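Chains as they are written, first to last, in UniProt numbering: chain P, 249 to 387, 391 to 468; chain Z, 249 to 387; chain G, 391 to 468; chain E, 391 to 468; chain B, 249 to 387; chain L, 249 to 387, 391 to 468; chain F, 249 to 387; chain Y, 391 to 468; chain V, 391 to 468; chain W, 249 to 387.
There are 10 protein chains.
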Amino acid sequence: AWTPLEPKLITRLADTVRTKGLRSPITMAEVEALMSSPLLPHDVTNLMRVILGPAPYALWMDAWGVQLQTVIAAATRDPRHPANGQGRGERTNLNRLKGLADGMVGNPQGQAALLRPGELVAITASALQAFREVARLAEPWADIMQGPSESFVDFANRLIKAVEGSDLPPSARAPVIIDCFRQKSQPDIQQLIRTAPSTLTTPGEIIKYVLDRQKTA
Amino acid sequence: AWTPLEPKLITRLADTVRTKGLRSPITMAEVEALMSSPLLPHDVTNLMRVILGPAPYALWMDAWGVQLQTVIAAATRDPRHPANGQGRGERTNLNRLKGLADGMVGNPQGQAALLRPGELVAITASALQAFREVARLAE
Amino acid sequence: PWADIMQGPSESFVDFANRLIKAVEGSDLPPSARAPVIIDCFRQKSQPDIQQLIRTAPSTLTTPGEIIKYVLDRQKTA
Amino acid sequence: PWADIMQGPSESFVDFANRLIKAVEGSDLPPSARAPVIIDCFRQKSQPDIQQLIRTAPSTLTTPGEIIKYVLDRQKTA
Amino acid sequence: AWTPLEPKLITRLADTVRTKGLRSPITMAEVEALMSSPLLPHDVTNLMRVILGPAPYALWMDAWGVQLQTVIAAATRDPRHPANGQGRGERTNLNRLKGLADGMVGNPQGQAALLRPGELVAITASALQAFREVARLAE
Amino acid sequence: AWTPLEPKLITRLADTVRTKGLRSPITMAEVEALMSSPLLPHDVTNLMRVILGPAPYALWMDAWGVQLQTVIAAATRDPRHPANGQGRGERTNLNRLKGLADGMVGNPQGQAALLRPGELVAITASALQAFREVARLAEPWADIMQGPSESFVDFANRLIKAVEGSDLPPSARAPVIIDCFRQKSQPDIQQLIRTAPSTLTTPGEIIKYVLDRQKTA
Amino acid sequence: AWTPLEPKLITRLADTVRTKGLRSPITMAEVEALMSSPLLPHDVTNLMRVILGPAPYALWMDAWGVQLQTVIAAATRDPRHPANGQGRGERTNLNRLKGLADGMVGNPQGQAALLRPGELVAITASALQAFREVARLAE
Amino acid sequence: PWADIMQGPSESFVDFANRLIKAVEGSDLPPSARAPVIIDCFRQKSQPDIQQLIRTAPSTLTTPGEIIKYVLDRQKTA
Amino acid sequence: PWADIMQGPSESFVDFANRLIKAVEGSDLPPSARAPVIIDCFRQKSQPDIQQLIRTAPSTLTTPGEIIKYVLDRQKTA
Amino acid sequence: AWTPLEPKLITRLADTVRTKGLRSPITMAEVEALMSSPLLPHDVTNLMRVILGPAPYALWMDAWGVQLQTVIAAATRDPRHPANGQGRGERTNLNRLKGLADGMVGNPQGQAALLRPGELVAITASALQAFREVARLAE
């Protein structure tokens, strides 16, 4: 049975997007919050219709379609997709993902009936990635320096944000974050990381080490 | 059957962490509240992704891994773990605890299917201890 | 009225696109005629700097979102 | 003479292409050397706006007809 | 036996294209008139060489090739094409459609000998569609 | 039979290192030239003794030892090393690699007798990597910009040099080089790469595309 | 038995490429000179690593791969390739041409052992054509 | 009183450690609470040069003797 | 004589290290006594700024190359 | 039966350490003198408590623990240790060496009862080596 999202939460999220913008970490946290339960294409479509303006909504429709197409390519590349089935009769077409298939157009109840939970979570992750792309597009990691007065956790937050919300492949983010911790992060912390008796091979480990041995001031 | 946590509660908890910080007793009480029912690795992972910033989230992933490794050492030190079974075929690997095992990666429904209640409570206690460590470390 | 919408001399492009998409989708056109109309209104409205920017597109833009992305990339920062 | 043909500052591109193809095909070149010469004359003549338009072609144009189509699509309406 | 089109009709059609343009309905009607009987690749090629300028002729060669390629894709998608035969030995290659096959290059008599009527009508329809495309593109 | 390297070539290489430095691309090319045939530990040791000063020579001995130790760890991790044999009696100890084993200390003829060609090429590659490390150490990729008047091949050469001669892991160099091509390389080439109808997933492909469609000037 | 090229000749060729450029006829003549005997993938790879800069070396790796792929397509189109054999067990894979096959990675002696003379001359001609392409492309 | 002991600007570190360990062991604390108190007093007293020297310890020092040895090794000779 | 080598007030550290390693390796010491002597000469020569820089090393340096690398990293640029 | 060391000798040794220092050869000779008969952990512990200051005493406790751990590693590496026995029930734990085992904590009489002569001489040699280390470290 389909239950709609509260218009009160949607109104609060819309005003959050209106005042803070699309890219603020609080806005992305709120979107992740309202993106907790797997939503039907109807829900996400109406949500983006309400919270986004017309032009960002067009951009988001484009990006969502592209991400869903990548998902369907991965699905035809692996018959063990949680949206797919074992036989060929359960293969998931883009009409079923975008809610355009038969028995789904405009009807959220029938949508919730025929859709799979794997389908729902794939649609939801696709919509979240598309929202991230459009937010990064509507309004550079290698230009980030730790200010003379800035703390280290703020610098790490800013750097990880800019590196993960960029055009790098997923397998190239951790080495870049590490090598940016080592070369940025003004020479006191640079020497603190350099003289590490242990080898730090993860951004979390570097952050923990620096937070332990940092110069309290 | 898997039911997600309310995004309203998650938004309220995120704003609590944003205003009060990670170490306030009210924040730890709220986390204990949202840590009441045994959560699947998917739930806790997304929860920490939403409520924590990027750097605290990295620290928390590290600490959670370490605590889960201690749990798995205690599990191989005692075949009577509520996550383990009696035979050797029920021994619980870290891929099954972190949600990385087969049939679980990215799918919360399959996760809830294959996981044990002892597995869930162990994962939950590990995540709570890791949150405590990171909160004590961040400030 | 959608056919009377022009991009003002001082107006940005995202505001013009928002206004145009709003007026086109909230009108009496069939659903299958909105995207071509939005594209052809981007091409003929949207004062001649952006008109020439869209005209000299080495790729073929076949969607309002793609046109918006291209224009936002290559727009004259001012 | 084909090697003396330039696109005038005010001349359109289809007139220039007509004149150039006429002078190249009605000349002393072998039949198998007309298309490469027409292409390389499109690239080096055809005043620098169209020169840069052909240079920045995401696709590789390997025929005078394809070059003409591309330029007619992405030309600066004026 | 191959019979050429009258140079008087071709001259009148060329002057029509010169004064009225490529896109006028009278010009398209005249082209449809001179496109009544199924023409051999030689005929259509020389006709477009005479009535069209150099640049429109290049565009038309491109468009004609593309349309013939679509026709050959439909032909390999259906063995019952009026240009095809039942066995695999009658499959029609683009060298036979564009007049480039063996025994046809430059010779209209041999062309008319080896070509099928279905081949001729397909070539003719392809050339007409290509002319329409180029006319819509030129102005 | 062992043949020594010409002292004329060694003198020319030493003067090259003296005038151009350790890190110039011409110096590295000359070292690669004199590093063409597989050298015995005696040859490389004397070569580095002659061309390098005392302190760079100490640094190079350290780095060479570390790289040889990594090689021996990989060798004990794979019994199919071209330096190893099939049985356990052919396992290669560091005394045999550094030329310290029995029948080799100070004698290049005996060295050439007992050493394997795989041993020689491994020693040579180790010495080359150690030279690169010491050269990078004796005298920043994220600060490299394409100058307003600089050509693109010079910028690409400089960037690839600084990225490969840095502290990044080997699996993180290509994504970093690509993302630096995209964000550096002044906005004309930035837009040229952005509007690529094909997806460029390799620095070589990006370089080829840009060289094809660049604005001749 | 594998014999390396003289570093003196390689240094002279590198300085020739440095002063005259990639496209001068003297440079191509010198490359043809050092491309006289059939080289192993190790030799050509190190030679191009030394004489070419980083970006031309990337371009050359790309072009060499493409040309070797064309060679392997011609090889699967003709079982009488001097690199191939008569039976199917001698078919030459790109791992064997690029030196990536088993028993060849990093070892020039084993390379020279398993490689065929036809393989060597095909690799050499491919590398020469790739060098020509990159030289025509760089300037 | 142990909680009032500071390392003077001119005092050496071994004298400060002697005084602090004396005052902590000759006090009313339980025996199981002396080592943590001595460590945390080394870290917060012992004027900021030695404070930063102990803070930036690549190893974890978990004993007053180890802290004393480390500081005596890496101290600023003056 | 190696035991008479001092780092001059204006001399850089790499020149001093070169001179010292040269004089120590080209002397009458056994081969197994050169590294400890070079280290202990780095520590006691090499005027008190670098002396204190080596003294306050959070890590233990057990090789002339490691000492040289550390000093080159943390040296006072001047 | 346990007999304590004379407080007169201990006072003289303490004043020797106070005037001559920890590293003088006369001080080491005096320590060797008072280290002649195998001492119980109680004796050596109180001796070092009296003759050494607080910080050298902490250093000495550390060094003594490390040396005793090396001894116990050698003991588990050889079942023929004069402190060990033949069966596994006589294996000597660090609680028995440091005097922390059951029936020994604070009681020198029970200590002397349960301890072996090999245990005593090993403890004594360990304490002497630890004293040497701390003396070399303090100045």
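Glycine included, C-beta positions come from ideal geometry on N, C-alpha and C.
Residue-level contact to chain W via CB, residue i, 9 Å cutoff
{"i": "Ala407 (chain Y)", "result": "yes"}
{"i": "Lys412 (chain Y)", "result": "yes"}
As assigned by DSSP and simplified to three states, the class of residue i
{"i": "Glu367 (chain W)", "result": "helix"}
{"i": "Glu338 (chain L)", "result": "helix"}
{"i": "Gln437 (chain P)", "result": "coil"}
{"i": "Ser374 (chain B)", "result": "helix"}
{"i": "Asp430 (chain E)", "result": "helix"}
{"i": "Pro252 (chain W)", "result": "coil"}
{"i": "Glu280 (chain B)", "result": "helix"}
{"i": "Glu381 (chain Z)", "result": "helix"}
{"i": "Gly358 (chain Z)", "result": "helix"}
{"i": "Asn408 (chain V)", "result": "helix"}
{"i": "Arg424 (chain G)", "result": "helix"}
Under 8 Å by beta carbon: chain P residues contacting residue i
{"i": "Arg424 (chain V)", "result": "Correct list: empty, because the minimum Cβ distance to chain P is about 26 Å."}
Where the alpha helix (DSSP H) containing residue i begins and where it ends
{"i": "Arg344 (chain L)", "result": "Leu342 to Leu345"}
{"i": "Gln397 (chain G)", "result": "Neither: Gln397 (chain G) is in no alpha helix (DSSP H) and is coded neither H nor E."}
{"i": "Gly455 (chain V)", "result": "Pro454 to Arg464"}
{"i": "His290 (chain L)", "result": "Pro289 to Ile299"}
{"i": "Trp308 (chain F)", "result": "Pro302 to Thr324"}
Chain-ordered chain V contacts of residue i [CB-CB under 9 Å]
{"i": "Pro356 (chain L)", "result": "The premise fails here: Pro356 (chain L) is roughly 19 Å from chain V at the closest Cβ pair, so nothing lies under 9 Å."}
{"i": "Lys459 (chain Y)", "result": "In chain order: nothing, as chain V lies at least about 12 Å away."}
Any C-beta of chain G under 9 Å from that of residue i
{"i": "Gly301 (chain P)", "result": "yes"}
{"i": "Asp310 (chain P)", "result": "yes"}
Through-space distance from residue j to residue i, alpha-carbon basis
{"i": "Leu287 (chain Z)", "j": "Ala375 (chain Z)", "result": "10 Å"}
{"i": "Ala373 (chain W)", "j": "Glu280 (chain W)", "result": "10 Å"}
{"i": "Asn343 (chain B)", "j": "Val353 (chain B)", "result": "9 Å"}
{"i": "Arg339 (chain Z)", "j": "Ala331 (chain Z)", "result": "8 Å"}
{"i": "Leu316 (chain Z)", "j": "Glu381 (chain W)", "result": "41 Å"}
{"i": "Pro399 (chain Y)", "j": "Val461 (chain V)", "result": "28 Å"}
{"i": "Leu368 (chain F)", "j": "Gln357 (chain F)", "result": "14 Å"}
{"i": "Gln359 (chain P)", "j": "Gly351 (chain P)", "result": "7 Å"}
{"i": "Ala306 (chain L)", "j": "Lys466 (chain P)", "result": "34 Å"}
Partners in chain B for residue i, counting only beta-carbon separations shorter than 9 Å
{"i": "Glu415 (chain E)", "result": "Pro302"}
Closer than 9 Å to chain P by CB, residue i
{"i": "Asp418 (chain L)", "result": "yes"}
{"i": "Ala393 (chain L)", "result": "yes"}
{"i": "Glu456 (chain G)", "result": "yes"}
{"i": "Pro273 (chain Z)", "result": "no"}
Cutoff 9 Å: residue i Cβ touching any chain L Cβ
{"i": "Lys256 (chain F)", "result": "yes"}
{"i": "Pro289 (chain F)", "result": "no"}
CB contact check: residue i to chain Z, cutoff 9 Å
{"i": "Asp326 (chain P)", "result": "no"}
Cutoff 9 Å: residue i Cβ touching any chain V Cβ
{"i": "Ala383 (chain L)", "result": "no"}
7 Å Cβ cut-off: residues of chain P touching residue i
{"i": "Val404 (chain G)", "result": "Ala303"}
Cβ of residue i within 9 Å of any chain Y Cβ
{"i": "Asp263 (chain W)", "result": "no"}
{"i": "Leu295 (chain W)", "result": "no"}
Amino acids of chain G, ordered along the chain, whose beta-carbon sits closer than 8 Å to that of residue i
{"i": "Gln465 (chain E)", "result": "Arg445 and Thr446"}
Which residues, taken in chain order from the segment 431-453 of chain G, show a beta carbon closer than 9 Å to some beta carbon of chain A?
Annotation note: the requested chain A is absent from the structure, which comprises protein chains P, Z, G, E, B, L, F, Y, V and W.
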